[PDB]
Every structure is written in structure tokens, then in C-alpha cells.
């Protein structure tokens, strides 16, 4: 387990796992008829709770860490004042690079409006609803019916987004990457199974450009599409690239969260493979046991 936090790592992690949300709830007690709330949220498996704790401390002890689902916890900041004072200045200096950036810049604009209390104003609210419409899944049915006049504000959409620091990658992969160990059944290998190591990152196709630039950035790998939908894998299967490129990279720029343990086990598997012990029965069982302990606690 690893919870040392660096700004760029946090940004990578938030690009992987965070959400910038705007809620506009109907409620007769508010003059406009609507309550406007802005929320910054990161949800993880409960095995990474310690990571949410380091994140809270990273952001000045602000926010709340709460049970989200069956085996997950949420870290959330929902105080307008608090979002403006620390969250915005952080992400203005250390900018997101995925499509999450677009949600961020919209979310930032609603906060600018909330800062001058324009959300408590009919025209202010309409402008916020226009913003909400281009954030995440956009307008609810109830909001669309309540403001059927409103033109979504254009989704900003950046240009060549280029990996800003090695720690960014560290954080990003700590969220949406994986270090895979496979045992493939083989008829040519004496021992009956091929030990294969795979480094992989998964992301929605809308971030194809970023995904493609990982091939230059790391000097290896390739992209594939999931035939079942819009979802891309950056993948390294070449064991020379794993040892010469990926393993050294994440030895310097460290995985955060419980996935650090997994990278460490994956490395041990790579050592057994380096020494060629994976083609003996004992080395194969060593990998099976390292393989089964992985992603646990």
C-alpha cells in the first residue's frame, strides 16, 4: 500500500476516477424554485479507503468520506465556498487532460456564477442549467421539461493534450490501469501453461487521442477496441518492453492505492520469468500463488 501524494499524481488519479457534478433540484422553498449544488466526488473500493484519507489531507482536510455502495466509499466536497477556495485553484494550476477536463471547465463556470450569487437569480439559473446540459449525462427529464428553451453551452473541447508529467501517468494508471498475470493453456510448453504478463489501460473511446499518445510516451504498446462498445485498451504484451520500459517507469513513478501491491507482485512474476523459472513446475506454482494473492488485501 502507497499513499504519498504528489500534485500531478492526484491530477492523474482524478482524470481516472473523479467526477465534477452539478445538481439542480426542484424545491418550492427557493425563490427561483430550484436548489443548485456543485459536487466534486471520487469513489473507490473500500480497500483503497486509506487513499481517500490521504486525498482529504491533500486537500486541506476538507470534505467528507462516506459509504457510497456495498464495497465502496466516496470522498466528496459539496461546499461551494470550499470548492472555490481550494479545488478550483488546484485544477487551474494542474490541469486535467481527459474529457473530464470539459466537465471541469463547465463545473468551474457554474461555481463562478454561484460565487456572485447569480444562481439565486432567474437568468443565473437558466445559464447554470445550460452549463449542466453539457456536463456528464446532461439534463434529467424533469430539468429538460422545466427549461425546454435552454441551449446547451458548447462543450469546450480542448486540443493536443499532451501528458504533463510522469506522475500524471502514475496516478491515471492507479485508477484505470491494470497489471495482468495470465496463465494460458499451451500444448507446446512442457509445463502446459504460458505465463504472460500484460500491462493495460482502459478508457472510453472519446479519449482515443490520449490513448494513442501513450504509445509514443512509453515507447511501446498498441491500442485495441472492445468489439462490445466504445472502449479502448492500451496494451503492452511484449515481455522485453515490460522489463525495459514499464517496470522501470513505475519503479520511479509509483502506483498509489492497493494496486501498488499488485504491481509489486507482478514484478515478482517478471523476475521468475527473467530467470526462466516459469518454464519449470516450481516456478509455475510460484506464479500461480503470486497470481492468486493479487488484488486482495
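Numbering follows the first chain given and starts at 1.
Stretches compared: 143-151, 78-86. Higher mean C-alpha B-factor in the entry: 143-151.
Between 20-28 and 5-13, it is 20-28 that carries the larger average Cα temperature factor according to the deposited entry.
Taking the PDB entry at face value, the top CA B factor among 254, 67, 259, 268 belongs to 67. Ranking 200, 195, 98, 188 by Cα temperature factor from the entry places 188 first. The entry lists a Cα temperature factor for residue 224 that places it in the middle third of the chain's modelled residues. Among all modelled residues in its chain, residue 48 ranks in the highest third by Cα B-factor. For residue 233, the recorded CA B-factor ranks within the middle third of the chain. Only modelled residues enter the ranking. Per-chain ranking of the deposited C-alpha B factor places residue 102 in the middle third. Ranked against the other modelled residues of its chain, the C-alpha B-factor of residue 212 as given in the entry falls in the middle third.
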